[PDB]
Amino acid sequence: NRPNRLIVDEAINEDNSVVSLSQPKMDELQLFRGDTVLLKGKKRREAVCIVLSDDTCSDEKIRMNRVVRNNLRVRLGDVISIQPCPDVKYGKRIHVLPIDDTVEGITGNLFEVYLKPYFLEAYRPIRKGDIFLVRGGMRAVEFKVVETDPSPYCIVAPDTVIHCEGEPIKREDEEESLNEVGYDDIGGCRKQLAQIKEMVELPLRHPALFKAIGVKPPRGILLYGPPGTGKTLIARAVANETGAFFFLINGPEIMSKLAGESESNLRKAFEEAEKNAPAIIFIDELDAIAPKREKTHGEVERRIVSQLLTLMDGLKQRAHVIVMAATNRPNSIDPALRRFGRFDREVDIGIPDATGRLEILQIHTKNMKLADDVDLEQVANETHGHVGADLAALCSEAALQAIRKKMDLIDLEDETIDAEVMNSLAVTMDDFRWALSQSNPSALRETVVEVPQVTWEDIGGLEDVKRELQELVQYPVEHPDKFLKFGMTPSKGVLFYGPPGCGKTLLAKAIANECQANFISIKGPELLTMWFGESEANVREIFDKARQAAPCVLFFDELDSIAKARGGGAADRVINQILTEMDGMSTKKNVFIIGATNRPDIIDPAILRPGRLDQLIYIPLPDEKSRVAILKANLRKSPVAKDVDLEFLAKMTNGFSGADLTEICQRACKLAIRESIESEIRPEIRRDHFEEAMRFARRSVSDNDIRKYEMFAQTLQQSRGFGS
Amino acid sequence: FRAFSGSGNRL
Ligand SMILES: Nc1ncnc2c1ncn2[C@@H]1O[C@H](COP(=O)(O)OP(=O)(O)OP(O)(O)=S)[C@@H](O)[C@H]1O
Ligand SMILES: Nc1ncnc2c1ncn2[C@@H]1O[C@H](COP(=O)(O)OP(=O)(O)OP(O)(O)=S)[C@@H](O)[C@H]1O
Ligand SMILES: [Cl-]
Ligand SMILES: [Mg+2]
Ligand SMILES: [Mg+2]
């Protein structure tokens with residue numbers, strides 16, 4: 001294994017003519033940043049590119065774009081030889097031709113809009129036969145280098161002339177399309193796409209290798225998540241990137257056919273896949289074929305489910321075939337399919353978080369010229385409850401808007417197309433703001449699972465409590481070894497209790513943020529919403545999701561609402577089931593359960609039993625010092641006048657809760673706003689506003705309440721015996 | 001069809 005041999009890996013630099021190595025390997029081969037390297041792949045093909053450094057890149061691998069990958073007839077994980085190329089000199093004339101299926105809709109000067117800015121100030125090293133991709137004018141066209149004066153390879157200097165005269169050449173049989181789906185078309189679910197890659201890469205990429213080992217590979221992988229999350233997308237991507245044969249089975253399509261045809265088509269699909277192994281059979285909308293057995297009333301329907309189960313069992317032949325399936329509702333699928341030997345591996349492709357949505361927005365703005373005022377991060381932040389498909393649609397909609405208002409001119413040209421103008425089309429931030437108002441988000445009702453953006457900085461006071469939370473949650477995650485030496489197993493869960501509006505919810509999210517661990521919030525009322533009969537499967541679904549997202553902190557907020565509802569046969573079944581789930585929850589799984597209640601007087605003692613929420617943390621009203629910290633936190637984002645004294649404000653609000661102070665800021669902020677409108681000034685919030693707001697300010701926690709809360713702080717653990 | 005005929009480079 002000489003140093004020149006390296007393994008292909010994902011790319012970070014979107015540039016076509018760029019490949020990356022690690023500094024230690026770049027020094028090993030004796031190459032530097034400016035150097036032009038020659039890459040030799042399989043099938044006796046070659047590609048030339050500029051080399052760069054990458055600290056993240058492992059020395060045994062090389063990052064190259066999918067364009068470079070194709071020019072080499074290579075895939076992820078393959079081996080290629082790299083050797084220095086100082087022999088590259090500037091070109092005299094270059095001849096590139098477009099590929100028919102990517103240019104048949106546009107007319108005009110293809111060279112000025114695409115090739116011009118692509119090679120401008122680029123000095124790209126190219127090779128004869130290479131296919132490169134240029135995106136612009138809401139389209140991506142790929143050209144193939146037909147010839148270069150210094151053949152077979154040369155750099156494109158300003159002196160090099162270009163000729164792109166000619167009817168687009170037709171697609172060669174072996175030349176795979178770059179319009180086809182790949183991993184670079186997927187974002188917002190890195191972790192999941194990784195899991196699938198691990199499961200599938202080995203048996204699909206190295207089939208002979210798996211047959212010799214005798215260890216069992218995966219056969220059934222079930223992707224699930226709301227509609228439009230990219231389940232169908234991932235299946236296609238994995239097939240292309242691994243180079244496996246892809247046979248799609250659409251649930252509805254099969255169920256639209258006669259009894260005999262459905263049975264027949266399923267058979268053929270499997271037979272065809274085995275014929276072209278290695279292969280991936282993807283069953284889209286699986287629930288269409290195999291819903292819960294109780295809902296599958298009908299003879300023809302029952303036969304097809306059984307037909308599928310048998311075919312799945314028939315995969316014991318081990319004909320290098322993987323079966324992937326997608327369903328919106330994991331509970332809808334006949335449980336017979338989730339049994340071992342069939343779909344025995346599941347991957348939850350949930351809804352994207354802020355970071356994810358941003359990743360996605362970037363995917364569908366590749367080909368569009370974006371104005372400077374456009375801020376996708378805002379859009380991402382703003383489009384909560386949006387799913388991949390939602391984002392993909394709004395981008396199309398924001399583009400279509402830019403066309404409409406700019407169509408005034410095009411119409412007179414409709415007869416023909418204005419390619420040169422298509423580039424002049426920019427998409428303003430307004431075009432997104434417009435599309436934002438018109439958006440119909442689908443996954444708002446979905447339970448969100450992501451890392452909270454609430455940090456310790458957002459919480460005033462409670463310093464020692466933050467400390468105790470790091471010991472309970474962070475230490476066992478970051479320092480498992482230490483716990484084993486002392487021979488103690490760490491506690492499973494925590495219970496926040498105290499007066500309303502003191503930061504119980506904030507603490508739950510904060511500790512999750514510190515551990516960069518997933519967070520799931522489920523408020524009392526949410527648990528009382530689930531239909532009575534349905535309640536049983538939903539509580540379980542929650543803990544399942546918590547396991548999927550480990551390390552994860554599961555937070556049961558507003559527990560007092562459920563307490564009031566019991567003393568309710570529904571509220572009883574739920575909490576009793578949560579208790580059951582808690583016990584089944586192994587502490588070793590790194591799932592932390594936190595509960596919060598404003599009413600420790602009516603909380604179910606069962607929840608406080610050792611092994612459950614046995615860590616009783618009291619969270620009181622903020623003392624003088626803390627109140628100042630809270631006031632700063634809320635006023636961080638706001639323009640405050642220098643005259644406003646918060647140390648005094650805190651001194652006057654002894655007994656006020658954290659939420660009360662926030663409300664005071666809001667009321668004082670509302671006064672400043674009022675004055676900004678009536679009299680046209682940049683608003684500032686000054687002493688007079690706080691004084692006026694304070695005169696009407698009221699306290700949410702009475703003295704009587706305090707006395708009671710203080711008493712429970714010393715006697716809450718005693719509620720498991722006889723009541724007080 | 002073949003090779004060249006026209007112009008480009010610019011810059
Ligand atoms: N994670 C994602 N990353 C990038 N694009 C996405 C993502 N998810 C969805 N999209 C886009 O939205 C479209 C919908 O993706 P789909 O493959 O249809 O997901 P889906 O879950 O199979 O949809 P359903 O369940 O059949 S409604 C795709 O064509 C993508 O363009
Ligand atoms: N320590 C604090 N620091 C900053 N803001 C606070 C603090 N405590 C309370 N608040 C404010 O009160 C709001 C809600 O606080 P929570 O985290 O929900 O505390 P809580 O114990 O759950 O009380 P409730 O019943 O939800 S109001 C937040 O949006 C804050 O604006
Ligand atoms: Cl309770
Ligand atoms: Mg789909
Ligand atoms: Mg709260």
# chains A, B, ... in the order shown; residues from 1 in each chain; ligands from 1
$ interface_residues --of "chain A" --to "chain B" --cutoff "6 Å" --atoms "only C-alpha atoms" --output "PyMOL selection string"
chain A and resi 158+160-163
$ select_by_dssp --residues "range 108-167 of chain A" --states "alpha helix (DSSP H)" --output "tab-separated table (two decimals) with C-alpha atoms, in the first residue's frame"
chain	number	residue	atom	x	y	z
A	110	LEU	CA	-24.44	29.01	-23.20
A	116	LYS	CA	-17.48	32.50	-18.53
A	117	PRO	CA	-17.83	32.94	-14.75
A	118	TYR	CA	-16.92	29.27	-14.22
A	119	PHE	CA	-13.41	29.59	-15.65
$ residues_near_ligand --ligand "ligand 4" --cutoff "8 Å" --atoms "only C-alpha atoms and all ligand atoms" --output "number ranges by chain"
A: 227-228, 230-233, 284-285, 326
$ atom_distance --atom1 "CA of residue 589 in chain A" --atom2 "atom 1 (Cl, counted along the ligand's line) of ligand 3"
25.0 Å
$ residues_near_ligand --ligand "ligand 2" --cutoff "10 Å" --atoms "only C-alpha atoms and all ligand atoms" --output "PyMOL selection string"
chain A and resi 456-463+496-510+557-558+560+596-598+619-622+626-634+657-663+665-666+700
$ closest_atom_pairs --of "chain A" --to "ligand 3" --cutoff "8 Å" --atoms "only C-alpha atoms and all ligand atoms" --output "Markdown table"
| residue | atom | partner | partner_atom_place_in_ligand_line | distance |
| --- | --- | --- | --- | --- |
| A:559 | CA | ligand 3 | 1 (Cl) | 6.4 |
| A:560 | CA | ligand 3 | 1 (Cl) | 6.7 |
| A:562 | CA | ligand 3 | 1 (Cl) | 5.7 |
| A:563 | CA | ligand 3 | 1 (Cl) | 4.0 |
| A:564 | CA | ligand 3 | 1 (Cl) | 7.8 |
| A:566 | CA | ligand 3 | 1 (Cl) | 7.4 |
| A:575 | CA | ligand 3 | 1 (Cl) | 6.8 |
| A:602 | CA | ligand 3 | 1 (Cl) | 6.7 |
| A:603 | CA | ligand 3 | 1 (Cl) | 4.3 |
| A:604 | CA | ligand 3 | 1 (Cl) | 4.2 |
| A:605 | CA | ligand 3 | 1 (Cl) | 7.8 |
| A:607 | CA | ligand 3 | 1 (Cl) | 7.6 |
$ residues_near_ligand --ligand "ligand 1" --cutoff "8 Å" --atoms "only C-alpha atoms and all ligand atoms" --output "tab-separated table (two decimals) with C-alpha atoms, in the first residue's frame"
chain	number	residue	atom	x	y	z
A	185	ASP	CA	-28.76	16.36	-2.15
A	186	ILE	CA	-29.58	15.42	1.45
A	187	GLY	CA	-29.26	17.62	4.52
A	188	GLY	CA	-30.71	18.00	8.00
A	189	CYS	CA	-30.21	14.33	8.86
A	224	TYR	CA	-39.86	6.33	9.14
A	225	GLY	CA	-40.83	9.95	9.77
A	226	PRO	CA	-43.49	12.46	8.71
A	227	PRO	CA	-44.31	12.82	5.00
A	228	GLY	CA	-41.81	14.79	2.91
A	229	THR	CA	-38.82	14.27	5.22
A	230	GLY	CA	-36.77	12.73	2.42
A	231	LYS	CA	-37.28	9.03	3.03
A	232	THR	CA	-37.74	8.26	-0.67
A	233	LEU	CA	-34.79	10.61	-1.27
A	234	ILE	CA	-32.37	8.71	0.98
A	284	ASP	CA	-42.48	3.28	-0.70
A	285	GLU	CA	-45.56	3.91	1.43
A	326	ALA	CA	-40.67	3.88	4.19
A	327	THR	CA	-43.77	4.67	6.23
A	328	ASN	CA	-45.20	7.81	7.82
A	352	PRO	CA	-35.12	18.89	10.78
A	356	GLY	CA	-30.95	21.13	9.41
A	359	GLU	CA	-28.75	22.86	5.27
A	360	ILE	CA	-31.81	22.02	3.20
A	361	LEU	CA	-32.49	25.60	2.08
A	363	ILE	CA	-29.61	22.56	-1.33
A	364	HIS	CA	-32.51	24.10	-3.27
A	387	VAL	CA	-40.19	19.53	6.68
A	388	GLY	CA	-37.74	18.97	3.83
A	389	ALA	CA	-40.51	19.02	1.21
A	390	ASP	CA	-41.96	22.21	2.73
A	391	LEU	CA	-38.63	24.01	2.45
A	392	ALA	CA	-38.04	22.67	-1.05
A	393	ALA	CA	-41.45	23.98	-2.10
$ residues_around --residues "residue 54 in chain A" --least-positions-apart "4" --cutoff "12 Å" --atoms "only C-alpha atoms" --output "NGL selection string"
:A and (11-13 or 18-26 or 33 or 58-59 or 61-64)
$ write_last_selection --atoms "N, CA, C and O atoms" --output "mmCIF file, in the first residue's frame"
data_model
loop_
_atom_site.group_PDB
_atom_site.id
_atom_site.type_symbol
_atom_site.label_atom_id
_atom_site.label_comp_id
_atom_site.auth_asym_id
_atom_site.auth_seq_id
_atom_site.Cartn_x
_atom_site.Cartn_y
_atom_site.Cartn_z
ATOM 1 N N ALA A 11 -16.971 15.120 0.021
ATOM 2 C CA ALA A 11 -16.297 16.390 -0.218
ATOM 3 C C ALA A 11 -16.894 17.505 0.636
ATOM 4 O O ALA A 11 -18.077 17.475 0.972
ATOM 5 N N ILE A 12 -16.060 18.473 1.007
ATOM 6 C CA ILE A 12 -16.521 19.657 1.726
ATOM 7 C C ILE A 12 -16.496 20.878 0.806
ATOM 8 O O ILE A 12 -17.413 21.700 0.819
ATOM 9 N N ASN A 13 -15.430 20.999 0.022
ATOM 10 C CA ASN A 13 -15.310 22.071 -0.957
ATOM 11 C C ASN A 13 -16.176 21.794 -2.182
ATOM 12 O O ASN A 13 -15.935 20.840 -2.923
ATOM 13 N N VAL A 18 -11.421 20.630 -7.275
ATOM 14 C CA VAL A 18 -10.681 20.605 -6.017
ATOM 15 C C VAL A 18 -10.789 19.262 -5.301
ATOM 16 O O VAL A 18 -11.884 18.736 -5.097
ATOM 17 N N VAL A 19 -9.636 18.722 -4.918
ATOM 18 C CA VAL A 19 -9.572 17.543 -4.066
ATOM 19 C C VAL A 19 -8.737 17.888 -2.839
ATOM 20 O O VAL A 19 -7.848 18.736 -2.910
ATOM 21 N N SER A 20 -9.031 17.243 -1.715
ATOM 22 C CA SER A 20 -8.379 17.592 -0.457
ATOM 23 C C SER A 20 -7.698 16.407 0.222
ATOM 24 O O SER A 20 -8.204 15.284 0.201
ATOM 25 N N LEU A 21 -6.541 16.677 0.821
ATOM 26 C CA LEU A 21 -5.829 15.698 1.630
ATOM 27 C C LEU A 21 -5.518 16.310 2.991
ATOM 28 O O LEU A 21 -5.740 17.502 3.209
ATOM 29 N N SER A 22 -5.007 15.492 3.904
ATOM 30 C CA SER A 22 -4.549 15.985 5.197
ATOM 31 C C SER A 22 -3.113 16.484 5.077
ATOM 32 O O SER A 22 -2.326 15.940 4.302
ATOM 33 N N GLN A 23 -2.778 17.517 5.841
ATOM 34 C CA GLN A 23 -1.443 18.103 5.794
ATOM 35 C C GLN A 23 -0.341 17.053 5.953
ATOM 36 O O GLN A 23 0.623 17.050 5.186
ATOM 37 N N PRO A 24 -0.481 16.148 6.937
ATOM 38 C CA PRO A 24 0.552 15.121 7.129
ATOM 39 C C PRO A 24 0.760 14.222 5.909
ATOM 40 O O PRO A 24 1.877 13.751 5.693
ATOM 41 N N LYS A 25 -0.291 13.990 5.129
ATOM 42 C CA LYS A 25 -0.170 13.190 3.913
ATOM 43 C C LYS A 25 0.315 14.036 2.742
ATOM 44 O O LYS A 25 1.009 13.537 1.854
ATOM 45 N N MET A 26 -0.052 15.313 2.736
ATOM 46 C CA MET A 26 0.378 16.206 1.671
ATOM 47 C C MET A 26 1.892 16.350 1.736
ATOM 48 O O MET A 26 2.565 16.451 0.711
ATOM 49 N N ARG A 33 -0.236 23.303 -1.564
ATOM 50 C CA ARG A 33 -1.563 23.817 -1.885
ATOM 51 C C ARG A 33 -1.750 24.195 -3.357
ATOM 52 O O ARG A 33 -2.809 23.949 -3.933
ATOM 53 N N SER A 58 -9.038 12.508 7.171
ATOM 54 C CA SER A 58 -8.130 11.482 7.669
ATOM 55 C C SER A 58 -7.071 11.193 6.611
ATOM 56 O O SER A 58 -7.359 11.217 5.414
ATOM 57 N N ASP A 59 -5.849 10.913 7.054
ATOM 58 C CA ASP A 59 -4.721 10.745 6.142
ATOM 59 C C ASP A 59 -4.886 9.575 5.176
ATOM 60 O O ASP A 59 -4.239 9.541 4.130
ATOM 61 N N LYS A 61 -7.605 8.844 3.570
ATOM 62 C CA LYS A 61 -8.692 9.117 2.634
ATOM 63 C C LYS A 61 -8.476 10.422 1.869
ATOM 64 O O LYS A 61 -7.645 11.248 2.251
ATOM 65 N N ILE A 62 -9.235 10.598 0.790
ATOM 66 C CA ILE A 62 -9.164 11.806 -0.027
ATOM 67 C C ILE A 62 -10.565 12.303 -0.366
ATOM 68 O O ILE A 62 -11.395 11.551 -0.877
ATOM 69 N N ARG A 63 -10.825 13.573 -0.077
ATOM 70 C CA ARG A 63 -12.124 14.167 -0.362
ATOM 71 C C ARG A 63 -12.179 14.685 -1.794
ATOM 72 O O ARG A 63 -11.342 15.489 -2.204
ATOM 73 N N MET A 64 -13.167 14.219 -2.552
ATOM 74 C CA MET A 64 -13.367 14.691 -3.918
ATOM 75 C C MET A 64 -14.856 14.826 -4.215
ATOM 76 O O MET A 64 -15.663 14.001 -3.788
#
$ atom_distance --atom1 "CA of residue 286 in chain A" --atom2 "CA of residue 449 in chain A"
24.4 Å
